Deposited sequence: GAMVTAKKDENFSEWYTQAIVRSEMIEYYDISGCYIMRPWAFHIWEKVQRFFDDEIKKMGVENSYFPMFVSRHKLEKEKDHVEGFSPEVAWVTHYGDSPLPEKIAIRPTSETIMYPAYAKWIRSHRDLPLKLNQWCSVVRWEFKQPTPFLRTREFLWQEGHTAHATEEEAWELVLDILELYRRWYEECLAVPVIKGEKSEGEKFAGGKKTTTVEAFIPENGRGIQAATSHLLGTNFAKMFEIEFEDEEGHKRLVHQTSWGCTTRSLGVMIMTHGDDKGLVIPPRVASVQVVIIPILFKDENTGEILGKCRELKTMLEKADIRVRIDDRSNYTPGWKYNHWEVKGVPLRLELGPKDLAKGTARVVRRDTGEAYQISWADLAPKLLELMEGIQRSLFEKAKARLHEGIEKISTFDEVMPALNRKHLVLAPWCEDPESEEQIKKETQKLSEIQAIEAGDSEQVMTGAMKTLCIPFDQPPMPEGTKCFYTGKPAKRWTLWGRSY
């Protein structure tokens, strides 16, 4: 049972939700968490989705070492210096990302324009060792991810690949996880180190008012090619720099799903990625033909599974049906199917959907088509409600005077911005001091993205902080 209200103590609510559903187990070494089967199944499902999608683009999986030499990497990096009692001749680092691991190989592999495009991906874990306090799924020192790295003959090929991947990330969140995101370009002050242009999908956490960078797709261009001398020969003979992309996404996505859909009873997992879509709970009166009831549950299980519905029967006699109702609600199973002697006599079943609590009586013959329609019903609704909370979380503003009241309501701001970097740094330090002063009477706002969706820009619109001619609409807010 979950006891903390989501709209009061969000921290303890999230901890309770992920622990009591058997998603996360704690670990000795600060910032690392055991991912238990209940959460790993979801990671497996989104990984299968993304893998299939990128294999249709020609991306292939590989595995590069987790170690990188001090030479090639040359802040939040863990160093190996000993193999037991013996010292290393030169300390080695654990990958925080693998550009400097993979790209010397790329320089060796790419000779001719007939070698491009080169498209590799890997599923692994990386280690970014910050001493700040962690957050399960969202900010951990070790995390699982995929990272893809492509090299191309032209800039425009690489850019189209960046956008195609960003679309796949939008589908990862919105399609599988029912989390709405915003496609954007990062400012030059927040873009990847060494890249040309970083795109992103941003998500939003209403309860603390914080945007979070859900995934990233970088146009590296020729910057890394220069660093690593990755060149191809054209049909003429002339050597030219390849144009590269890199893109990544992590188990952070799981956290974002949890916070988006959970409620006071606990997890609410979208049907598309639930490892159990329907849990069948037989009623088990002592004064009843139990073998018959269980036989019919088994029949309904096979009947649903032929429609590819993922079913678990909880026939444990040492727990009441109310205990099981709570137990599978806490783990977020989207549909519960109850079947007792009355239901049997009438040839129906009772189904309760996890999102709203609504109950239905369905005849066995209509069970598979009806539940299918209901699962798409739940998924869709989970998305649209979340989409509502997204749009109600963003205030469109004209002046800096409107920032602080919008932040105190846990909202983001969409403002006309001139895109000057020094202005962003100024804005962060000022909103941070204003936040501290407000805290005294009871931090910093940054750019999250310049959205692809640009609303109308009136002709003479001025920058909301500098007064200069505004260039584009920018989404700012407090951030993870």
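Residues of the deposited sequence with no modelled C-alpha atom fall in the ranges 1-2, 77-86, 455-462.
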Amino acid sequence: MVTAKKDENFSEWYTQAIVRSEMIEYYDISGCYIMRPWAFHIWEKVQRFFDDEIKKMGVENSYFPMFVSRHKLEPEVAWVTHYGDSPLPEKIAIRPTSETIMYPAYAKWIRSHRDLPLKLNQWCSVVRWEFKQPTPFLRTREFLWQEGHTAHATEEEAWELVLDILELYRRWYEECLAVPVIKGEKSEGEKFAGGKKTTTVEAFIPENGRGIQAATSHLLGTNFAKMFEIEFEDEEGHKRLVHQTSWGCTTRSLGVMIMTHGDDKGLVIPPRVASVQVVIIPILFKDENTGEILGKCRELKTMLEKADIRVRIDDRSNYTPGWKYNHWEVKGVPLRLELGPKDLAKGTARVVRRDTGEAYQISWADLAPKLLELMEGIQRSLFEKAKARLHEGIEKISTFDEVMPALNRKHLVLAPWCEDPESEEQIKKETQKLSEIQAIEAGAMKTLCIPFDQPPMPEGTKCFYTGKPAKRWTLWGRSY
From here on, numbers count along this sequence of modelled residues.
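Just so we're on the same page, rigid core means the largest C-alpha set that superposes within 1.5 Å between forms.
Superposing the other copies on the rigid core and comparing 159-167 to 292-300, farther C-alpha placement in 9 other deposited structures of this protein marks 292-300. Stretch 334-342 is the one, of 349-357 and 334-342, whose CA positions lie farther from the shown form in 9 other deposited structures of this protein once all structures are superposed by the rigid core. In the other compared entries of this protein that model both flanking residues, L414 has coordinates in every one, well short of a third left out. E441, though modelled here, lacks coordinates in at least a third of the other entries of this protein that were compared and that model residues flanking it. Per-stretch averaging of Cα B factors for 322-330 and 79-87 places 79-87 on top. Relative to its counterpart among 223-231 and 160-168, 223-231 has the higher mean temperature factor, C-alpha atoms as listed in the PDB entry. Between the residues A105, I397, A151, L144, it is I397 that shows the highest Cα B-factor in the PDB record.
For the set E60, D52, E422, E44, the PDB entry assigns the largest Cα B-factor to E422. Among all modelled residues in this chain, the alpha-carbon of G295 has a temperature factor (C-alpha) in the lowest third. Sorting the modelled residues of the chain by their CA temperature factor places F383 in the middle third. Annotation for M35: CA B-factor lies in the lowest third of the chain's modelled residues. Placement of the Cα temperature factor of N408 within the chain: highest third of the modelled residues, per the deposited record.
For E188, the recorded CA B-factor ranks within the highest third of the chain. Only modelled residues enter the ranking.
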